[PDB]
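File shown: target33.cif (mmCIF, C-alpha atoms).
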```cif
data_start
loop_
_atom_site.label_atom_id
_atom_site.label_comp_id
_atom_site.auth_asym_id
_atom_site.auth_seq_id
_atom_site.Cartn_x
_atom_site.Cartn_y
_atom_site.Cartn_z
CA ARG A 157 55.83 -38.42 -118.51
CA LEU A 158 57.43 -37.63 -115.14
CA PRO A 159 61.01 -38.71 -114.34
CA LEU A 160 61.67 -40.38 -111.02
CA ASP A 161 62.21 -38.70 -107.67
CA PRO A 162 63.43 -40.51 -104.53
CA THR A 163 59.97 -40.87 -102.96
CA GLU A 164 58.35 -42.62 -105.93
CA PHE A 165 61.47 -44.82 -106.30
CA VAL A 166 61.11 -45.93 -102.67
CA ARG A 167 57.36 -46.53 -103.07
CA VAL A 168 57.71 -48.64 -106.22
CA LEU A 169 60.56 -50.81 -105.00
CA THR A 170 59.24 -51.29 -101.47
CA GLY A 171 55.91 -52.32 -102.99
CA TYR A 172 57.58 -55.65 -103.81
CA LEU A 173 58.53 -56.23 -100.18
CA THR A 174 56.21 -57.53 -97.49
CA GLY A 175 56.39 -58.32 -93.79
CA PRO A 176 57.69 -55.94 -91.14
CA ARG A 177 60.07 -53.19 -92.15
CA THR A 178 63.62 -54.55 -92.39
CA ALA A 179 67.03 -53.56 -93.72
CA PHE A 180 65.83 -54.22 -97.28
CA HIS A 181 63.38 -51.31 -97.06
CA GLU A 182 66.26 -49.26 -95.66
CA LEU A 183 68.50 -50.35 -98.54
CA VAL A 184 65.87 -49.12 -101.00
CA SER A 185 65.75 -45.83 -99.09
CA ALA A 186 69.56 -45.59 -99.07
CA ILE A 187 69.78 -46.17 -102.82
CA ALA A 188 67.23 -43.39 -103.31
CA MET A 189 68.99 -41.02 -100.90
CA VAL A 190 72.42 -41.52 -102.47
CA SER A 191 71.47 -40.91 -106.14
CA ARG A 192 72.41 -37.57 -107.69
CA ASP A 193 69.39 -37.03 -109.99
CA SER A 194 66.57 -38.89 -111.77
CA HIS A 195 69.02 -40.66 -114.10
CA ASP A 196 70.62 -42.68 -111.29
CA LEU A 197 67.16 -43.63 -109.99
CA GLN A 198 66.12 -44.93 -113.39
CA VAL A 199 69.39 -46.84 -113.71
CA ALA A 200 68.65 -48.53 -110.38
CA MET A 201 65.02 -49.08 -111.37
CA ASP A 202 65.83 -50.49 -114.81
CA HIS A 203 68.29 -52.91 -113.18
CA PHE A 204 65.72 -53.92 -110.54
CA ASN A 205 63.11 -54.66 -113.20
CA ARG A 206 65.75 -56.54 -115.20
CA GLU A 207 66.50 -58.80 -112.24
CA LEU A 208 62.80 -59.43 -111.55
CA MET A 209 62.40 -60.23 -115.25
CA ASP A 210 65.21 -62.75 -114.84
CA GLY A 211 63.24 -64.29 -111.95
CA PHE A 212 65.20 -62.94 -108.99
CA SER A 213 63.24 -62.00 -105.90
CA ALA A 214 62.80 -58.38 -104.86
CA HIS A 215 65.38 -58.89 -102.09
CA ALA A 216 67.99 -60.31 -104.45
CA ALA A 217 67.31 -57.57 -107.01
CA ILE A 218 67.73 -54.82 -104.41
CA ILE A 219 71.08 -56.26 -103.32
CA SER A 220 71.95 -56.68 -107.00
CA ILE A 221 71.76 -52.92 -107.53
CA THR A 222 74.45 -52.44 -104.88
CA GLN A 223 76.53 -55.10 -106.61
CA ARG A 224 76.12 -54.56 -110.37
CA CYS A 225 75.18 -50.89 -110.91
CA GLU A 226 78.59 -49.25 -110.89
CA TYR A 227 77.63 -45.90 -109.35
CA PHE A 228 75.72 -47.25 -106.33
CA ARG A 229 78.36 -49.96 -106.00
CA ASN A 230 81.07 -47.38 -105.21
CA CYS A 231 78.84 -45.11 -103.15
CA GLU A 232 79.32 -44.07 -99.55
CA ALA A 233 76.52 -45.38 -97.38
CA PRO A 234 74.19 -42.52 -96.37
CA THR A 235 74.19 -41.08 -92.87
CA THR A 236 71.07 -40.81 -90.72
CA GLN A 237 71.02 -38.78 -87.51
CA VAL A 238 69.13 -39.94 -84.41
CA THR A 239 68.76 -38.31 -81.00
CA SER A 240 69.73 -41.63 -79.37
CA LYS A 241 70.26 -45.31 -80.10
CA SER A 242 66.69 -45.83 -78.90
CA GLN A 243 65.16 -44.23 -82.03
CA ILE A 244 66.94 -46.79 -84.23
CA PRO A 245 64.45 -49.63 -84.94
CA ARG A 246 64.80 -52.23 -82.20
CA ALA A 247 65.33 -55.29 -84.41
CA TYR A 248 68.44 -53.61 -85.86
CA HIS A 249 70.06 -53.25 -82.41
CA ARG A 250 71.78 -56.63 -82.39
CA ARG A 251 73.33 -56.13 -85.85
CA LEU A 252 74.69 -52.62 -85.26
CA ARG A 253 78.50 -52.50 -85.33
CA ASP A 254 80.96 -49.67 -84.87
CA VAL A 255 82.10 -48.08 -88.08
CA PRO A 256 85.62 -48.11 -89.61
CA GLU A 257 87.44 -45.18 -91.21
CA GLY A 258 87.06 -44.42 -94.89
CA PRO A 259 85.04 -46.12 -97.62
CA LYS A 260 81.84 -47.49 -96.03
CA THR A 261 80.56 -48.50 -99.44
CA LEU A 262 77.11 -49.69 -100.44
CA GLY A 263 78.83 -52.42 -102.46
CA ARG A 264 80.39 -53.83 -99.30
CA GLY A 265 76.86 -54.20 -97.88
CA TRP A 266 76.53 -51.10 -95.70
CA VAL A 267 73.06 -49.54 -95.60
CA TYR A 268 73.06 -46.86 -92.92
CA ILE A 269 75.69 -45.10 -90.88
CA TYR A 270 73.65 -43.99 -87.87
CA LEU A 271 74.82 -40.85 -86.05
CA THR A 272 74.30 -41.07 -82.27
CA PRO A 273 75.54 -38.64 -79.59
CA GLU A 274 78.00 -41.27 -78.33
CA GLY A 275 78.97 -43.38 -81.32
CA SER A 276 78.66 -43.87 -85.07
CA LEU A 277 76.86 -47.20 -85.52
CA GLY A 278 76.62 -48.94 -88.89
CA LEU A 279 73.85 -51.19 -90.16
CA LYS A 280 74.60 -53.70 -92.91
CA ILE A 281 72.12 -55.39 -95.23
#
```
Could I get this structure in the form of structure tokens?
Amino acid sequence: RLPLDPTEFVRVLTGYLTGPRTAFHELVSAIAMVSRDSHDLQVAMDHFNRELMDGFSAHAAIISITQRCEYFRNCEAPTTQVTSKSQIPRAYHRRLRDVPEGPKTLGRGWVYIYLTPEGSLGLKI
């Protein structure tokens, strides 16, 4: 069999989501981006399937990885670079906040630290 890579991880987990793309899709993508190898991805995936088995929704399970899986819990939120604020999805605009110094952890709910030419805007879950 084939161990996981980020792309398949994102496809499997976001399969359980519906509706327009929201910060939950981005949280899935952040979890995939921030893992160090296939082992972290299958930790996150095993936990996700555990939480669905327990009857949690996909959304709850996704947040539950950031809370209960110890690696992702203590992980710096990933950085995305954009040419401007305009290329950040529009629905996120109202929730963007400026970003502190130091640990912008996934456990504390961060998803993306966007990099813009004038500012470093953070998006929470």
Would you kindly translate the PyMOL selection byres ((chain A and resi 266) around 6) into the concrete residues it picks from this file, as number ranges by chain? A: 233, 262, 264-265, 267, 280
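Between CA of residue 270 in chain A and CA of residue 238 in chain A the separation is 7.0 Å.
Selection check: the PyMOL selection byres ((chain A and resi 204-218) around 7) on the shown file gives residues 172, 173, 180, 184, 200, 201, 202, 203, 219, 220 and 221 of chain A.
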Generate a file of the selected residues that holds C-alpha atoms, formatted as an mmCIF file, keeping the file's coordinate frame.
```cif
data_model
loop_
_atom_site.group_PDB
_atom_site.id
_atom_site.type_symbol
_atom_site.label_atom_id
_atom_site.label_comp_id
_atom_site.auth_asym_id
_atom_site.auth_seq_id
_atom_site.Cartn_x
_atom_site.Cartn_y
_atom_site.Cartn_z
ATOM 1 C CA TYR A 172 57.580 -55.650 -103.810
ATOM 2 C CA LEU A 173 58.530 -56.230 -100.180
ATOM 3 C CA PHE A 180 65.830 -54.220 -97.280
ATOM 4 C CA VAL A 184 65.870 -49.120 -101.000
ATOM 5 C CA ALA A 200 68.650 -48.530 -110.380
ATOM 6 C CA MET A 201 65.020 -49.080 -111.370
ATOM 7 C CA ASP A 202 65.830 -50.490 -114.810
ATOM 8 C CA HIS A 203 68.290 -52.910 -113.180
ATOM 9 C CA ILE A 219 71.080 -56.260 -103.320
ATOM 10 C CA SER A 220 71.950 -56.680 -107.000
ATOM 11 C CA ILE A 221 71.760 -52.920 -107.530
#
```
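For the atom pair formed by CA of residue 228 in chain A and CA of residue 176 in chain A, the distance is 25.1 Å, given to one decimal.
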Report the residues retrieved by the PyMOL selection byres ((chain A and resi 159-171) around 8) from the displayed file, expressed as a list in words. residues 157, 158, 172, 173, 174, 181, 184, 185, 188, 189, 193, 194, 195, 197, 198, 201 and 214 of chain A
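What separates CA of residue 273 in chain A from CA of residue 190 in chain A is a distance of 23.3 Å.
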Can you list every residue of range 163-258 of chain A that has an atom at most 12 Å from range 275-279 of chain A, with its nearest atom pair and the distance in Å to one decimal, using all atoms listed in the file, ordered by chain then number, as a Markdown table?
```
| residue | atom | partner | partner_atom | distance |
| --- | --- | --- | --- | --- |
| A:178 | CA | A:279 | CA | 11.0 |
| A:179 | CA | A:279 | CA | 8.1 |
| A:180 | CA | A:279 | CA | 11.1 |
| A:182 | CA | A:279 | CA | 9.6 |
| A:183 | CA | A:279 | CA | 10.0 |
| A:186 | CA | A:279 | CA | 11.4 |
| A:233 | CA | A:278 | CA | 9.2 |
| A:234 | CA | A:278 | CA | 10.2 |
| A:235 | CA | A:278 | CA | 9.1 |
| A:236 | CA | A:276 | CA | 9.9 |
| A:237 | CA | A:276 | CA | 9.5 |
| A:238 | CA | A:276 | CA | 10.3 |
| A:239 | CA | A:275 | CA | 11.4 |
| A:240 | CA | A:275 | CA | 9.6 |
| A:241 | CA | A:277 | CA | 8.7 |
| A:244 | CA | A:277 | CA | 10.0 |
| A:245 | CA | A:279 | CA | 10.9 |
| A:247 | CA | A:279 | CA | 11.1 |
| A:248 | CA | A:279 | CA | 7.3 |
| A:249 | CA | A:279 | CA | 8.9 |
| A:250 | CA | A:279 | CA | 9.7 |
| A:251 | CA | A:279 | CA | 6.6 |
| A:252 | CA | A:279 | CA | 5.2 |
| A:253 | CA | A:278 | CA | 5.4 |
| A:254 | CA | A:277 | CA | 4.8 |
| A:255 | CA | A:278 | CA | 5.6 |
| A:256 | CA | A:278 | CA | 9.1 |
| A:257 | CA | A:276 | CA | 10.8 |
```
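When all atoms listed in the file are used to measure the gap to residue 222 in chain A, the shortest distance among A:196, A:263, A:274, A:269 belongs to A:263.
If only C-alpha atoms are the atoms counted, then among A:260, A:246, A:229, A:224 the closest residue to residue 177 in chain A is A:246.
With only C-alpha atoms as the atoms that count, the residue of A:281, A:175, A:271, A:258 with the shortest distance to residue 243 in chain A is A:271.
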Give the answer as one residue: which of A:232, A:199, A:226, A:191 has the shortest atom-to-atom distance to residue 268 in chain A, using only C-alpha atoms? A:232
